[PDB]
Each structure stands twice: as structure tokens, then as C-alpha cells.
């Protein structure tokens, strides 16, 4: 799967909020472009003169993520984060010249991402009470991954001593994206666990944090809540469910070619971190069938 690379696989079946530290620093920002950020401004002007109802928004930038030695006490993950924007994304990662910026970054800074906005996404492996994962169909009329299958998520917007507020906004935002798009009550959702971080190589390497969230509703109740919002209550054009039993072999199915890269990330990390049992009981042949 060339379109997705794993940057981080979390231990212990996934990390809760209380085990993560963030360092939010201007040292973690995008570097100014070699010929100046005028190139970004020019692409933005062109875009607004065709779609003048568009608006900029701030975004978190992922610089890097360092895991503690496995089995250790105390904080287990440090997220190094800067600030970017939708405007910077359109002028770098989404640009036709994104590959040239990656090569220049290797040359100038020894870092393929040095000149890229790299806004941090969030996604969820959302499981039902009757043991299905939730999938959404994208419109065939949007610019990114039209007509492809996605999981719930988005790109959160800003507002250890400012760090803990940043980790809280990241975990909060995955729940908020589930409530906005699936139309679920917040009280049917578990506190999220961070499974890992996945890179979209089709979008010049921008990263998404992938979370596990459990819902107390069955698949039939989740469907009712989704549909009862009506066409204007969601961006997606349909919802569907795959048994967790069948998610194990999803990369061998015809569905795999229809999944956008970030949803592939979420499924690979669910299979490695929540699936793949380590103990004698769940690892027994009757409960973990060979092949």
C-alpha cells in the first residue's frame, strides 16, 4: 500500500489522553518557501477570485512524535506540534509542485516535510455495541478523494502547560466530528484511545492521528441516528457497517481499492493495535483462525 505509511503504532492497545504530552512551539512550524511565501498568497488570491465564499482557518501542524521506552511509567508519547492554516495547505501539500517542495526540503533542511503545511487530521475506528466498524461514502462532487469510502474525522482548529489543553482539544475534536457527521449523542461514546499516526503519501505526506472509539448503540441504532438528520445533517452520502471479524482481511477485499488513504490508516492501526491478540486465550486457533 504505497499511499499510506505508519509514523507511530501505540503500545498497550492504544494510549489514553492522560498518557500524552504535547509541545506546541514555533520551532515546529513550516519553514518559509525558498522563493518566499508570495507563491502561497498568489494561489490563495486565484482561488478566492473564483470562490469568494471560502475562508482560511488555523490548523495544528505535526512536526514529529516520540514514544517512550515500552513498559515505562509516566507519559508514554510526546507530540511536537506547530501551527499552520488551510491557506498554507492549499499552497503546499495540495499544490501541483508538492513533490518539488519535498526534494527542496531534503536538500536544504534534510527534511522532506520542511516546506509543507502538513495539517494534523483525526480519524476514528468507531465500533458499535454489536461489533461492527462504521464507514461513510464521500460525495462524487468534492475535490479530495471523490466517491471513496472514509471513516469519521476531520482537521481540528486551535482554540505541557498549554500542551495538556492541546491534547484535550485533539481527543475532544474526534468525539465532536463523530457527533457532527454520524449524529450520535456524546453520551453513547467512550473516551478515545490513540492507536497511532498514519501519513497520506497521495497528499505529500500529511499525517492523521487515528483513534479507537466504542459506541453503546447497535449498528441499526447508529444508522437510525445518521439518517434522521436528513441530507443536510451530513457531508457524506451514505453509512455502512463491516463486522470486526471481517475487518481483519479487509485489505484482501474489493472494498480496499475504494478506501481513501486516511481510512486505510485507521483500519491498518485497528488491526495491529486492537486486533492481533498476544495471549494464549484470544490467540487459540478456534478464536484466531489461521490464514
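Positions refer to the first chain, counted from 1.
Missing coordinates between residue 141 and residue 142 amount to none of the deposited residues, so the segment is unbroken. If you average the C-alpha B-factors over 48-56 and over 229-237, the higher value belongs to 229-237.
Higher mean CA temperature factor between 141-149 and 186-194: 141-149, per the PDB entry. Highest C-alpha temperature factor among 79, 174, 90, 162, as the PDB entry reports it: 162.
Placement of the Cα temperature factor of residue 35 within the chain: highest third of the modelled residues, per the deposited record. When the modelled residues of the chain are ordered by C-alpha B-factor, residue 156 sits in the highest third. Among the modelled residues of its chain, residue 251 has a C-alpha B-factor that falls in the highest third according to the deposited record. Among all modelled residues in this chain, the alpha-carbon of residue 279 has a temperature factor (C-alpha) in the highest third. Residue 214 sits in the lowest third of its chain by CA B factor, as recorded in the PDB entry.
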